[PDB]
Amino acid sequence: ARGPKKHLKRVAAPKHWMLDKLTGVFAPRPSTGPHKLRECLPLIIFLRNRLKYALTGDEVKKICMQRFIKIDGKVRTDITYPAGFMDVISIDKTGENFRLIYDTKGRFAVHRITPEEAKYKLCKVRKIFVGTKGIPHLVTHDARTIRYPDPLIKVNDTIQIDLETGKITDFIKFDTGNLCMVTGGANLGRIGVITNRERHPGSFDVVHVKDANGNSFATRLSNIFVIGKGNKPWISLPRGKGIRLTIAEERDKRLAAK
Amino acid sequence: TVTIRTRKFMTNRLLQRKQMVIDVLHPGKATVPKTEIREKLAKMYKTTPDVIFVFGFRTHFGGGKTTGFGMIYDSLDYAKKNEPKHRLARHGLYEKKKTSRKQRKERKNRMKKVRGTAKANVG
Amino acid sequence: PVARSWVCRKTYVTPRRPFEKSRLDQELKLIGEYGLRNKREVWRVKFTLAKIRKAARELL
Amino acid sequence: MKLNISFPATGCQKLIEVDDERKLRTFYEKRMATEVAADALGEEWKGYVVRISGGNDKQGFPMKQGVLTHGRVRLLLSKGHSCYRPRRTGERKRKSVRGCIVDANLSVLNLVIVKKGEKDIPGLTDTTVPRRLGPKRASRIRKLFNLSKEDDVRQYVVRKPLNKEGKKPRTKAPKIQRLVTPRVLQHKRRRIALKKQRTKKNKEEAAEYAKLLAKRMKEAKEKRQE
RNA sequence: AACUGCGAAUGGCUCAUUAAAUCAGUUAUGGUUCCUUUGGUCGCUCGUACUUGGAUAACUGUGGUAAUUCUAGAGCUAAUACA
RNA sequence: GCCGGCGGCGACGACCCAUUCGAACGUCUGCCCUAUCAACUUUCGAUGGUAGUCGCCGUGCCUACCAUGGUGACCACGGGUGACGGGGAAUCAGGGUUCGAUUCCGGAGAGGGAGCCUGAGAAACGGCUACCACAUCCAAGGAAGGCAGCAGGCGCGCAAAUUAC
């Protein structure tokens, strides 16, 4: 069609939001921002559907327009603003801080953090370039362009940024025997340790990840995010420890709890 | 003979609300009107029945139970601000103007055909 | 576009041969024994059983 | 044929009904914005030279300045052209426009008095005119009153006296836009402040990276000794 | 009320066209544009400023045509419009 | 507010780089019937080469000068389609056959063609300009058109709802 699309049909929305069929015809339609439309989360969904604070669409803008909600220590009134992976949502009214981490089954989970941990965030560097009198530059997965990076930071490494400033505190290299998390494909939300990468020139690089419970799986390089140094994570994990336990013991656990 | 229970509560500081799921047990009589639910809930939470708002009561098949949504505001000012107009109009705190969509959209399309201050004159 | 589902399913299968003694008897015995309204209610239970049996057969 | 005569000096205008060929033969075969000596009109017009500014033909179509014809013509009119105002942005319409050359076949002719004559024609020159509003821009007020930079403008701003039945009189003045106020100076020093912040930011970042890179290339060189 | 900014290229409808075309799965832009959002950049240039200029709407007043969301002439006045 | 200057919190802007939403050109593999369609394309670009032009860019996209190529019984080219293409639907042992205008995705067009203004984005039709076909008002001078948006009406036919809030 002519020009860009403005709407989004409800059934055409990405599955990990878990919008039901009958509520309406349209969906939230995440607006342009740091994270991709397919792999983000509108605040209207997070507030209304996940935290169960707002009932209707009006209550969400009535919350947001009173400027009670910050994303990465910055006030956002846009109810369809895309907050994606590693983004820290802060409610300073009720003093509640959330980090958006994918759960085992492959969706953003309502994972609370201490206010002391809502100071920094981890970020995967997309590229590294230099320009105009050679001040080198870095670009990350949440589109934060940072000047004068540490020259030890190469492409596909992770960096820890203080949210109040815009400067790198510490960084993790992408090497063998490092804790990573999958952010795309069948294995989305699984945490594990790198074993090796198999470089395919002129094509996608494939990496092999071993889980804590002896489960080994492969994934594309683009869908990898280093979260810890060695085996120890630099952030809190969700309810489960990123362990994909199968339907058999899912049933056994559920029936055991009953 | 009516018993009021509350199911999922929440202290919504973000909208200055206490929001909850109302369970009404009325075995013999008909579906209890909203005003009696309001005052009995207001008595239960030790507040004015003016600052209480209840809706969406679906009486179960057989007629032993009725489930609905309730919310109590911290003060009537926050209630006046945050609550939608349709739920004020039932309490009688808001008045709607007696004009149809046909009438206002008609007058709009007539008002298009004149330029200047005469737009207000066409009525 | 409308916010409605069109997920509707038939719950009974009619017999292949419409008039067949031995069958009609067997259905009328079932009605007579369990006071069912019409032969739709017998076909309903046959259809549900058949689907359970087909699920068991394709699992084996 | 009628004459829509206006006097800009007094700001008065009258519609005259002239139905005598002799009085209009002076005006015929003349273009727009042409100075014509209005004598044949009547006695009162002794020393009046008048300009032809517009008018409408018997169908009511107006005439443009630049159309060097007699009858009407179809012109694709865009933004800027007279006898047209667009409804949408960059939206053009083909419309019937009368030729700039005047003839006998005109419903009205629009006349503007450029100069006087001996005595005032009743309708126009007798009655006073008041151009009601004045000077909103500070420099316009200064240019009007010839005030030097030391002199204030709010003191010599225009005051509009306004009175209506069943209410005491009011004197209203306009919000003088483009006037230097402490607020504007504060915005200007607020603008110049950030420039100092950005330069010290660049210098401190560069200095920090220089100290970082120094040890980085020192340790990078150290391992090259092997 | 009007000038200015933005939107009106989405949505909705229908299936005439269309046979390696449309379209589907897979890859490429190292061969290109991109409103908007989100980051970066914005005294890095060595040469009246304590704020410069002109107009036009709106409004008032005189009009034309049988006729339309038609518009000409006259008198003022704004800018994040135009310079 | 601090000792006549120096300032905090925003909002509009902004050359350019990154990003998001895209869009546009491509790569490989895949489509119904027809030989009573067997050779087709290249005068007026067909296939390729060099140089430009034009375009947001790659390119016969276009111009100039050269080469004589490119596709085809593994079905080209031509004709037909009561042909928009998929995700799907009905039926059903296994294999299959038939349907898919129709709510999600992509394409197309606003009676038929053609040309363009504005804009980041349109060859836009609830934007304009012309012609072709229909047709409204009229003082006969001129003026104004676009339901395959929602209702509703006429026609067409075996075949399809309320000028509602």
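Looks like electron microscopy, 3.2 Å, at least that's what the header says.
For all residues, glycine too, the Cβ spot is worked out from N, Cα and C.
As annotated by Swiss-Prot, SUMO2 cross-link applies to D:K14, with the evidence given as a large-scale study or a structure entry. Summarising the environment of D:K14 (SUMO2 cross-link), the number of other Cβ atoms within 10 Å of its Cβ, over all protein chains shown, is 14.
Classification of D:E35 (ADP-ribosyl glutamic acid) by DSSP places it within a strand. Proximity of D:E35 (ADP-ribosyl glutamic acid) to non-local residues of its own chain (separation of 6 or more, Cβ distance below 8 Å) is seen for D:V49, D:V50, D:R51, D:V114, given in sequence order. Here Swiss-Prot flags D:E35 as ADP-ribosyl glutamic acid, drawing on experimental evidence.
Within its own chain, D:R137 ((3R)-3-hydroxyarginine) has D:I176, D:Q177, D:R178 as residues 6 or more apart in sequence whose C-beta sits under 8 angstroms from its own. Annotation comment: Swiss-Prot describes D:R137 as (3R)-3-hydroxyarginine, evidence class experimental evidence.
The feature phosphoserine is assigned by Swiss-Prot to D:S148. In the three-state DSSP assignment, the secondary structure recorded for D:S148 (phosphoserine) is coil.
The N6-acetyllysine annotation in Swiss-Prot covers D:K211. When other Cβ atoms within 10 Å of the Cβ of D:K211 (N6-acetyllysine) are tallied across all protein chains shown, the result is 10.
D:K14 (SUMO2 cross-link) carries a strand DSSP state (E or B). For the pair formed by D:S148 (phosphoserine) and D:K211 (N6-acetyllysine), distance between Cα atoms is given as 57 Å, rounded to the nearest Å. Recorded residues D:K211 (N6-acetyllysine) and D:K14 (SUMO2 cross-link) have their alpha carbons 85 Å apart, per Cα-Cα distance. The Cβ neighbour count for D:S148 (phosphoserine), using a 10 Å radius over every protein chain in view, is 6.
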